[PDB]
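The file upload-v9.cif contains mmCIF, C-alpha atoms and all ligand atoms:
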```
data_final
#
loop_
_atom_site.label_atom_id
_atom_site.label_comp_id
_atom_site.auth_asym_id
_atom_site.auth_seq_id
_atom_site.Cartn_x
_atom_site.Cartn_y
_atom_site.Cartn_z
CA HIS L 4 6.94 -29.71 0.36
CA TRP L 5 7.38 -26.38 -1.37
CA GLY L 6 6.96 -23.19 0.60
CA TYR L 7 8.51 -19.82 1.28
CA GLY L 8 11.22 -20.60 3.84
CA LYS L 9 14.99 -20.81 3.51
CA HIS L 10 15.01 -24.54 2.70
CA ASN L 11 11.88 -24.81 0.61
CA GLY L 12 11.31 -21.36 -0.85
CA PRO L 13 11.45 -19.85 -4.31
CA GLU L 14 15.16 -20.45 -4.84
CA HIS L 15 14.51 -24.23 -4.46
CA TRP L 16 11.40 -24.55 -6.63
CA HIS L 17 13.31 -25.23 -9.84
CA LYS L 18 14.37 -28.69 -8.67
CA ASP L 19 10.83 -30.04 -8.65
CA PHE L 20 9.54 -27.56 -11.29
CA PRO L 21 12.31 -26.84 -13.81
CA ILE L 22 10.00 -24.38 -15.65
CA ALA L 23 10.88 -22.00 -12.73
CA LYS L 24 13.86 -20.96 -14.91
CA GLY L 25 11.67 -20.68 -18.08
CA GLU L 26 11.17 -17.94 -20.61
CA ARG L 27 7.88 -16.52 -19.30
CA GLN L 28 7.96 -16.67 -15.52
CA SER L 29 6.07 -14.39 -13.10
CA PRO L 30 6.13 -12.11 -11.28
CA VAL L 31 8.27 -9.41 -12.89
CA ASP L 32 9.31 -5.87 -12.18
CA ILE L 33 7.11 -3.51 -14.19
CA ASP L 34 9.39 -0.76 -15.55
CA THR L 35 6.83 1.91 -16.11
CA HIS L 36 9.10 3.83 -18.44
CA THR L 37 9.76 0.86 -20.70
CA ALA L 38 6.13 -0.36 -20.89
CA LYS L 39 4.55 0.57 -24.22
CA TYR L 40 1.11 2.21 -24.38
CA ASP L 41 -0.90 0.01 -26.73
CA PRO L 42 -3.78 2.07 -28.27
CA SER L 43 -5.25 -1.11 -29.72
CA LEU L 44 -5.95 -2.95 -26.47
CA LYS L 45 -9.78 -3.36 -26.34
CA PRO L 46 -11.42 -1.97 -23.20
CA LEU L 47 -11.16 -4.30 -20.05
CA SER L 48 -14.49 -5.74 -18.92
CA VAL L 49 -14.76 -6.95 -15.31
CA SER L 50 -18.26 -8.42 -14.91
CA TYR L 51 -18.65 -9.54 -11.32
CA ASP L 52 -22.31 -8.72 -10.60
CA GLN L 53 -23.46 -12.35 -10.58
CA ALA L 54 -20.50 -13.77 -8.70
CA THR L 55 -21.26 -16.71 -6.35
CA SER L 56 -18.60 -17.15 -3.67
CA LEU L 57 -18.54 -20.57 -1.97
CA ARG L 58 -15.78 -21.18 0.59
CA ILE L 59 -12.74 -19.61 2.16
CA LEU L 60 -9.77 -21.93 2.64
CA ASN L 61 -6.24 -21.87 4.16
CA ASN L 62 -4.20 -23.92 1.76
CA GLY L 63 -0.89 -23.66 3.65
CA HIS L 64 0.50 -21.10 1.16
CA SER L 65 -2.26 -18.32 1.10
CA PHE L 66 -5.95 -18.16 1.84
CA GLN L 67 -8.40 -18.30 -1.04
CA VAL L 68 -12.00 -17.50 -1.66
CA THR L 69 -13.54 -19.89 -4.16
CA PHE L 70 -16.35 -19.20 -6.60
CA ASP L 71 -18.86 -21.23 -8.51
CA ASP L 72 -17.38 -21.36 -11.99
CA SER L 73 -19.92 -23.80 -13.44
CA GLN L 74 -21.46 -21.03 -15.57
CA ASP L 75 -20.51 -17.57 -16.84
CA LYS L 76 -21.27 -15.63 -13.67
CA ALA L 77 -18.21 -13.59 -12.86
CA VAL L 78 -16.06 -13.11 -15.94
CA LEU L 79 -13.20 -11.10 -17.34
CA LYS L 80 -13.21 -10.13 -21.04
CA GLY L 81 -11.58 -7.57 -23.28
CA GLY L 82 -8.25 -5.90 -22.84
CA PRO L 83 -5.56 -8.28 -24.12
CA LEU L 84 -7.95 -11.25 -23.81
CA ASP L 85 -9.58 -13.26 -26.56
CA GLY L 86 -12.93 -14.61 -25.39
CA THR L 87 -14.29 -15.12 -21.88
CA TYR L 88 -12.44 -15.97 -18.70
CA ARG L 89 -14.31 -17.24 -15.63
CA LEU L 90 -13.41 -16.29 -12.06
CA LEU L 91 -12.38 -19.33 -10.01
CA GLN L 92 -10.82 -17.90 -6.88
CA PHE L 93 -8.97 -15.01 -5.34
CA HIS L 94 -6.13 -15.03 -2.87
CA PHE L 95 -3.39 -12.77 -1.58
CA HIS L 96 0.35 -12.52 -1.08
CA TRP L 97 1.68 -10.33 1.74
CA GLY L 98 4.69 -9.48 3.87
CA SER L 99 6.01 -9.49 7.41
CA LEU L 100 6.31 -5.64 7.18
CA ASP L 101 4.36 -3.09 5.18
CA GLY L 102 7.27 -2.46 2.77
CA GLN L 103 7.18 -5.91 1.21
CA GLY L 104 4.61 -8.50 0.25
CA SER L 105 3.72 -7.92 -3.40
CA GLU L 106 4.96 -10.23 -6.11
CA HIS L 107 4.97 -7.74 -8.97
CA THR L 108 6.91 -4.57 -8.35
CA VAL L 109 6.54 -1.18 -10.03
CA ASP L 110 9.87 0.53 -10.74
CA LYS L 111 11.23 -1.84 -8.06
CA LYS L 112 8.66 -0.65 -5.52
CA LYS L 113 7.14 -3.44 -3.39
CA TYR L 114 3.63 -3.02 -1.99
CA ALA L 115 2.33 -4.48 1.31
CA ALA L 116 0.35 -7.14 -0.48
CA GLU L 117 -1.04 -8.25 -3.80
CA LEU L 118 -4.53 -9.59 -4.61
CA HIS L 119 -4.85 -12.16 -7.40
CA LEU L 120 -8.20 -12.89 -9.02
CA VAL L 121 -7.64 -16.09 -11.00
CA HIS L 122 -9.69 -16.80 -14.11
CA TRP L 123 -9.66 -19.55 -16.78
CA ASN L 124 -10.41 -19.39 -20.47
CA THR L 125 -13.79 -20.97 -21.15
CA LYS L 127 -12.69 -22.28 -24.55
CA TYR L 128 -10.81 -24.98 -22.62
CA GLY L 129 -13.80 -26.11 -20.62
CA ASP L 130 -12.16 -26.57 -17.20
CA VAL L 131 -9.28 -25.09 -15.24
CA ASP L 132 -7.18 -28.20 -15.41
CA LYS L 133 -7.18 -28.24 -19.21
CA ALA L 134 -6.73 -24.44 -19.24
CA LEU L 135 -3.59 -24.82 -17.09
CA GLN L 136 -1.95 -26.72 -20.01
CA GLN L 137 -2.43 -23.92 -22.52
CA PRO L 138 -0.34 -20.85 -23.21
CA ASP L 139 -3.53 -18.69 -23.03
CA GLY L 140 -5.39 -20.78 -20.48
CA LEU L 141 -5.53 -18.36 -17.53
CA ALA L 142 -5.82 -14.66 -16.78
CA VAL L 143 -4.86 -13.26 -13.39
CA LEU L 144 -6.03 -9.80 -12.40
CA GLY L 145 -3.44 -8.44 -9.95
CA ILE L 146 -4.20 -5.58 -7.60
CA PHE L 147 -1.68 -3.97 -5.23
CA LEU L 148 -2.49 -3.21 -1.62
CA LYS L 149 -0.91 -0.31 0.25
CA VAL L 150 -1.46 0.47 3.93
CA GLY L 151 -3.51 3.56 4.73
CA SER L 152 -7.31 3.84 4.93
CA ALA L 153 -9.38 0.68 5.47
CA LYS L 154 -11.01 -1.08 2.55
CA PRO L 155 -14.58 -1.72 3.66
CA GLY L 156 -15.13 -4.44 1.06
CA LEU L 157 -12.25 -6.45 2.53
CA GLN L 158 -13.52 -6.49 6.11
CA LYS L 159 -15.81 -9.54 5.70
CA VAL L 160 -12.73 -11.49 4.58
CA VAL L 161 -10.57 -10.25 7.49
CA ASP L 162 -13.23 -11.16 9.98
CA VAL L 163 -13.41 -14.82 8.98
CA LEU L 164 -9.59 -15.46 9.07
CA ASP L 165 -9.77 -16.53 12.75
CA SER L 166 -11.77 -19.49 11.61
CA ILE L 167 -9.15 -20.69 9.09
CA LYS L 168 -5.95 -20.14 11.02
CA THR L 169 -4.10 -23.25 9.99
CA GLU L 170 -3.51 -25.24 6.78
CA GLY L 171 -6.48 -27.28 5.73
CA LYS L 172 -9.14 -25.27 7.51
CA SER L 173 -12.11 -23.94 5.47
CA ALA L 174 -15.41 -22.19 6.12
CA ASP L 175 -18.56 -21.24 4.28
CA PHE L 176 -18.07 -17.89 2.57
CA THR L 177 -21.18 -17.17 0.57
CA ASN L 178 -22.49 -13.82 -0.76
CA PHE L 179 -19.13 -12.14 -0.90
CA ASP L 180 -18.96 -9.45 -3.55
CA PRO L 181 -15.51 -9.19 -5.17
CA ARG L 182 -16.48 -5.82 -6.70
CA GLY L 183 -15.68 -4.32 -3.28
CA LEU L 184 -11.99 -5.15 -3.76
CA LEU L 185 -11.44 -3.16 -6.95
CA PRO L 186 -9.88 0.32 -7.25
CA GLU L 187 -11.60 3.11 -9.21
CA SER L 188 -9.42 2.83 -12.30
CA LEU L 189 -9.00 -0.19 -14.54
CA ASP L 190 -5.77 1.23 -16.08
CA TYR L 191 -3.41 -1.76 -16.32
CA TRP L 192 -0.21 -3.31 -17.48
CA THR L 193 -0.26 -6.67 -19.27
CA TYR L 194 2.34 -9.27 -20.19
CA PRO L 195 2.49 -13.07 -20.82
CA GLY L 196 3.66 -15.00 -17.78
CA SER L 197 3.12 -17.89 -15.39
CA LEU L 198 1.59 -19.00 -12.16
CA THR L 199 3.75 -17.55 -9.34
CA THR L 200 3.41 -20.76 -7.33
CA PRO L 201 4.18 -24.33 -8.25
CA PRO L 202 3.59 -25.75 -10.80
CA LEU L 203 4.66 -22.38 -12.26
CA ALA L 204 2.76 -23.19 -15.50
CA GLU L 205 3.42 -20.75 -18.32
CA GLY L 206 -0.21 -20.20 -19.23
CA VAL L 207 -1.15 -16.84 -17.67
CA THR L 208 -2.04 -13.53 -19.23
CA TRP L 209 -1.23 -11.06 -16.43
CA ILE L 210 -3.34 -7.95 -16.05
CA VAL L 211 -1.92 -5.78 -13.23
CA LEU L 212 -3.87 -2.69 -12.22
CA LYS L 213 -1.93 0.52 -11.86
CA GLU L 214 -4.06 1.90 -8.99
CA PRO L 215 -3.53 0.16 -5.66
CA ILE L 216 -6.28 -0.27 -3.12
CA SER L 217 -5.69 1.05 0.39
CA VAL L 218 -6.23 -1.30 3.34
CA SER L 219 -5.70 -0.50 6.98
CA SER L 220 -2.81 -1.65 9.15
CA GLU L 221 -5.36 -3.55 11.24
CA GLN L 222 -6.60 -5.41 8.15
CA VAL L 223 -3.11 -6.55 7.04
CA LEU L 224 -2.22 -7.43 10.65
CA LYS L 225 -5.05 -9.98 10.54
CA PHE L 226 -3.50 -11.62 7.42
CA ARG L 227 -0.24 -11.98 9.35
CA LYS L 228 -1.96 -13.97 12.11
CA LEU L 229 -2.57 -16.86 9.76
CA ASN L 230 -0.33 -19.88 9.96
CA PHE L 231 1.48 -21.86 7.28
CA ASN L 232 1.42 -24.95 9.49
CA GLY L 233 -1.44 -27.23 10.21
CA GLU L 234 -3.10 -27.46 13.58
CA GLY L 235 -0.67 -29.09 16.10
CA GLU L 236 2.56 -28.32 14.28
CA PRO L 237 5.06 -25.65 15.36
CA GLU L 238 3.49 -22.20 14.74
CA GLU L 239 4.99 -20.44 11.69
CA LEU L 240 3.26 -17.24 10.74
CA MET L 241 1.97 -17.08 7.17
CA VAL L 242 3.97 -14.04 6.14
CA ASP L 243 6.22 -13.35 3.16
CA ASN L 244 4.35 -15.70 0.89
CA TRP L 245 5.57 -13.92 -2.24
CA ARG L 246 7.83 -14.97 -5.07
CA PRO L 247 10.33 -12.29 -6.06
CA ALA L 248 10.57 -10.74 -9.52
CA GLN L 249 11.83 -13.06 -12.26
CA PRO L 250 13.79 -12.30 -15.46
CA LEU L 251 11.74 -10.49 -18.12
CA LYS L 252 13.63 -12.32 -20.86
CA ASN L 253 12.24 -11.42 -24.33
CA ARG L 254 8.97 -9.93 -23.13
CA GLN L 255 7.22 -6.68 -23.62
CA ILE L 256 4.93 -5.18 -21.02
CA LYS L 257 2.03 -3.21 -22.54
CA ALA L 258 0.14 -0.37 -20.90
CA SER L 259 -3.52 0.31 -21.41
CA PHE L 260 -3.05 4.02 -20.64
CA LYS L 261 -0.85 6.98 -21.54
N1 LIG Y 301 -0.23 -16.70 -7.57
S1 LIG Y 301 -1.03 -17.14 -8.94
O1 LIG Y 301 -0.13 -17.02 -10.06
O2 LIG Y 301 -2.31 -16.49 -9.03
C1 LIG Y 301 -1.34 -18.91 -8.74
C2 LIG Y 301 -1.80 -19.37 -7.36
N2 LIG Y 301 -1.65 -20.81 -7.26
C3 LIG Y 301 -2.63 -21.58 -6.72
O3 LIG Y 301 -3.74 -21.20 -6.33
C4 LIG Y 301 -2.10 -23.00 -6.59
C5 LIG Y 301 -1.43 -23.74 -7.75
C6 LIG Y 301 -2.50 -24.14 -8.71
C7 LIG Y 301 -2.86 -25.47 -8.84
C8 LIG Y 301 -3.87 -25.81 -9.71
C9 LIG Y 301 -4.50 -24.81 -10.44
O4 LIG Y 301 -5.52 -25.13 -11.33
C10 LIG Y 301 -4.15 -23.48 -10.33
BR1 LIG Y 301 -5.06 -22.18 -11.38
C11 LIG Y 301 -3.14 -23.15 -9.45
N3 LIG Y 301 -2.30 -23.40 -5.38
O5 LIG Y 301 -1.89 -24.68 -4.94
ZN ZN Y 302 -1.11 -15.39 -6.46
#
```
Kindly present the structure from the file in structure tokens form.
Amino acid sequence: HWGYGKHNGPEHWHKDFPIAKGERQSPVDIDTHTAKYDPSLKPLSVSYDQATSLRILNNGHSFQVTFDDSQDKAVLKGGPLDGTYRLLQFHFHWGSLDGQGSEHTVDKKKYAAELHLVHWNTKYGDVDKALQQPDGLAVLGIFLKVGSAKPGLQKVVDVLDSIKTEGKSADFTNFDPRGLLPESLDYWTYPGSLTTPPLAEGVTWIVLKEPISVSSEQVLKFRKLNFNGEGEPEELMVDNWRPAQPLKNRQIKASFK
């Protein structure tokens, strides 16, 4: 029922999910001049060498690549995090034009798209239990700007034809998420929420300062996806982003000076 259109989009979500007006909602605008460098943040550890991708899926809101999270293969540790968080899936949010598409903004700047690598805290045993905790999830957010092509994204782009419409999936094994990361792991962090229903307030956000560059041709292939299922009126999957939400009492911390 929920979506991104005029009658079902983010301004409607609070009716089914009243937490949409909560105290720790995401995304937010990252005011880079208000964020506090925190010299005590431990270093961030992104350990993706043993990642096992499984499937790529159009879920009617984004497309996602799913991973085997039955053991500690691809994990995020350190930084603001206590313990070990396992990679479950990544997906993207993007625009109809290159000047919008990201969920987080940086000094009000929107990027063309935003990559989310979703992880769950292993002390809670499964993602469903993790979803119910205030420290259950950690999402690594990476901005995309249009310029040079990202070679490590091309295998993803090339399979999107096969998952055009909601409900379609394909095998997507041996994909290496390391190829999606920028050079620097400098980041901002704050406590927030899922940016889609059910908008659960259980996410530690880690948003990288350095965007990755992707080509116009790569983002154009995202915009050929459809929100609708096969047979229904064609509605391009574009502008699948929630806008910035109130910061409320929160502090954004920077890992860098
Ligand atoms: N933009 S985001 O904050 O990274 C969250 C993206 N949301 C999704 O993938 C969802 C909702 C969801 C349902 C069950 C879950 O266990 C998790 Br986890 C997320 N799709 O239906
Ligand atoms: Zn997301």
Contact residues around residue 74 (chain L) with all atoms listed in the file at 10 Å, ignoring same-chain residues under 6 positions, as a ChimeraX atom specification: /L:89-90,125
Around ligand LIG 301 (chain Y), which protein and nucleic acid residues have at least one atom no more than 8 Å from it, if we count all atoms listed in the file? List them as a ChimeraX atom specification. /L:29,62,64,67,91-96,119-123,131-132,135,141,143,197-203,207
Expected file contents, prior selection, C-alpha atoms, as a PDB file, in the coordinates of the input:
```pdb
ATOM      1  CA  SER L  29       6.070 -14.390 -13.100  1.00  0.00           C
ATOM      2  CA  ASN L  62      -4.200 -23.920   1.760  1.00  0.00           C
ATOM      3  CA  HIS L  64       0.500 -21.100   1.160  1.00  0.00           C
ATOM      4  CA  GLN L  67      -8.400 -18.300  -1.040  1.00  0.00           C
ATOM      5  CA  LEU L  91     -12.380 -19.330 -10.010  1.00  0.00           C
ATOM      6  CA  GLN L  92     -10.820 -17.900  -6.880  1.00  0.00           C
ATOM      7  CA  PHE L  93      -8.970 -15.010  -5.340  1.00  0.00           C
ATOM      8  CA  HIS L  94      -6.130 -15.030  -2.870  1.00  0.00           C
ATOM      9  CA  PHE L  95      -3.390 -12.770  -1.580  1.00  0.00           C
ATOM     10  CA  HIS L  96       0.350 -12.520  -1.080  1.00  0.00           C
ATOM     11  CA  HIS L 119      -4.850 -12.160  -7.400  1.00  0.00           C
ATOM     12  CA  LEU L 120      -8.200 -12.890  -9.020  1.00  0.00           C
ATOM     13  CA  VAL L 121      -7.640 -16.090 -11.000  1.00  0.00           C
ATOM     14  CA  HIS L 122      -9.690 -16.800 -14.110  1.00  0.00           C
ATOM     15  CA  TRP L 123      -9.660 -19.550 -16.780  1.00  0.00           C
ATOM     16  CA  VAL L 131      -9.280 -25.090 -15.240  1.00  0.00           C
ATOM     17  CA  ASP L 132      -7.180 -28.200 -15.410  1.00  0.00           C
ATOM     18  CA  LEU L 135      -3.590 -24.820 -17.090  1.00  0.00           C
ATOM     19  CA  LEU L 141      -5.530 -18.360 -17.530  1.00  0.00           C
ATOM     20  CA  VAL L 143      -4.860 -13.260 -13.390  1.00  0.00           C
ATOM     21  CA  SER L 197       3.120 -17.890 -15.390  1.00  0.00           C
ATOM     22  CA  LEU L 198       1.590 -19.000 -12.160  1.00  0.00           C
ATOM     23  CA  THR L 199       3.750 -17.550  -9.340  1.00  0.00           C
ATOM     24  CA  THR L 200       3.410 -20.760  -7.330  1.00  0.00           C
ATOM     25  CA  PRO L 201       4.180 -24.330  -8.250  1.00  0.00           C
ATOM     26  CA  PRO L 202       3.590 -25.750 -10.800  1.00  0.00           C
ATOM     27  CA  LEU L 203       4.660 -22.380 -12.260  1.00  0.00           C
ATOM     28  CA  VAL L 207      -1.150 -16.840 -17.670  1.00  0.00           C
TER      29      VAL L 207
END
```
Minimum-distance residue to ligand ZN 302 (chain Y), chosen among L:243, L:41, L:106, L:221 (using all atoms listed in the file):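 Counting all atoms listed in the file, the residue closest to ligand ZN 302 (chain Y) is L:106.
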Between L:65, L:208, L:87, L:220, which residue has the minimum interatomic distance to ligand ZN 302 (chain Y), considering all atoms listed in the file?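 Looking only at the distances to ligand ZN 302 (chain Y), the closest residue turns out to be L:65.
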For the point (-9.8, -6.4, -22.5) in file coordinates, what residues are within 6 Å, counting all atoms listed in the file? Give the answer as an MDAnalysis selection string? chainID L and resid 45:48 80:84
d(CA of residue 23 (chain L), CA of residue 140 (chain L)) in Å: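 That distance, rounded to one decimal, is 18.1 Å.
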For residue 175 (chain L): contacts at 12 Å, all atoms listed in the file, fewer than 3 positions along chain excluded, given as a ChimeraX atom specification: /L:55-60,67-70,160,163-164,166-167,172,178-179
